[PDB]
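The form deposited in one PDB entry is given below as one chain in structure tokens.
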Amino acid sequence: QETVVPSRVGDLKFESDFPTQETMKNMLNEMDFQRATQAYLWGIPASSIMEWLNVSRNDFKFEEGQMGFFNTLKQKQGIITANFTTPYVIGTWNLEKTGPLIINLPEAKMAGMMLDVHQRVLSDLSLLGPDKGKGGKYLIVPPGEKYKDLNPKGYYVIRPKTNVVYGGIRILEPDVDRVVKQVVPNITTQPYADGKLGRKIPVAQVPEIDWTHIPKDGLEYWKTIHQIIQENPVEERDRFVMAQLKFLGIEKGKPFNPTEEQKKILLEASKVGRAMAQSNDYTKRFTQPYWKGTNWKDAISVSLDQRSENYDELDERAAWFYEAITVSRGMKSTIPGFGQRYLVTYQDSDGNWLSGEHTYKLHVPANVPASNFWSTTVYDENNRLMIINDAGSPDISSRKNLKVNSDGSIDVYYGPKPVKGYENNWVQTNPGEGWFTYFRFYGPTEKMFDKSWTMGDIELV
């Protein structure tokens, strides 16, 4: 006799207790689908780094191990939630391909960090790093056994657990001429070559190409997940994910030739996975509102090493890295007047998504708890890149000569059209396109940490 049991994944049919052949087929298909969807979330951080390396390696065609200078708005346009005022020197490469690589940093006012492929922090650089801004040499060693004993004097020896790494530096030097003439030209990477040293590799200028490192979609996302796996060793915490991807046609050491059945599952996994990525990020259920009764929340939910007490931070890293790149102790400051602190919001005071055809207003209270300055940068929901508008500016910074109210407060208006009388306090948005903003505190003070100083939701006008 046959028996049927309804389920949210369809009717489950059994014959003589055994599941029917069709039911087994549906269950294995559902099994693979769920696994692919969950793996999509697992791979968000690495996908971002992988795709940046792909752009560096194949579009800019920088040498493997070479860094680039991302200075103009257009050069930085492809950087997820990029900072509008700071220039970047960034590079990514595969250590198995380059061998031990040195990063020669000059004495300069910079702040940065080196990350592994999943974006865990390996070391801070410059001001917040070992060299403390005085300059020095960092030796990045491949995780292979061949280099297990390499530990030469005169270098800050860094040992990632993966082959694909990322080095990012924010240039804080205020003198632009000094940045272009003395700082960047004195930054180089260089093969270690048994200690003999290879030729120094200069920082290259980012060419005039329309690029971005955000994770791709459809099967392209999976081709890159496959690449990540081929270019890196398998780590203990990821071994069950590898087991779950095997039957989807993704294994280390084998080409990616998905069957039509696997493609169908993977394409659907990208679709649902993306929606689940958005939902996880924008809901941020692991983070309470920063200020009671507001939509503002601490934007960086992931820790430097992605380790919570009893679990690794799959959801927090999936959230932050879906909309941002890099993390560091400096970006999550708890020291007054040090580093930065990020607050993000995607909704207005009514709880509705911020959309570019509407006009909004953010009332910024007087005495903003930032020792340096503050800013509100607008990003598009879809690609999470600096918003592209006719005005040509996605940000409003306190360093600008803004119109300040009598009480010392400042109103920022975004909107598709400028608000009369506040033309220099607006960002300009695009009709029908969703947006969100990062309110950055440069040098957060005690009043920002203890929440004595507060600020309300962005309001629909």
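Here, rigid core means the biggest group of C-alpha atoms that superpose within 1.5 Å across both forms. Numbering starts at 1 and runs along the sequence shown.
Form deposited in another entry: not shown, discussed below.
Fit the rigid core and compare the CA positions between the shown form and the other one: of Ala243, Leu197, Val176, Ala275, just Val176 moves by 2 angstroms or more. With the core held fixed, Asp407 shows a CA shift of 2 Å or greater between the shown form and the other one. In a rigid-core overlay of the protein, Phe62 has its C-alpha displaced by under 2 Å between the shown form and the other one. When the rigid core is held fixed, the Cα atom of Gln34 travels less than 2 angstroms between the shown form and the other one. The distance between the CA atoms of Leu343 and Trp435 is at least 3 Å shorter in that other deposited form than in the form shown here. Put simply, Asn405 and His358 spread apart in that other deposited form: their C-alpha atoms are 3 Å or more farther than in the form shown.
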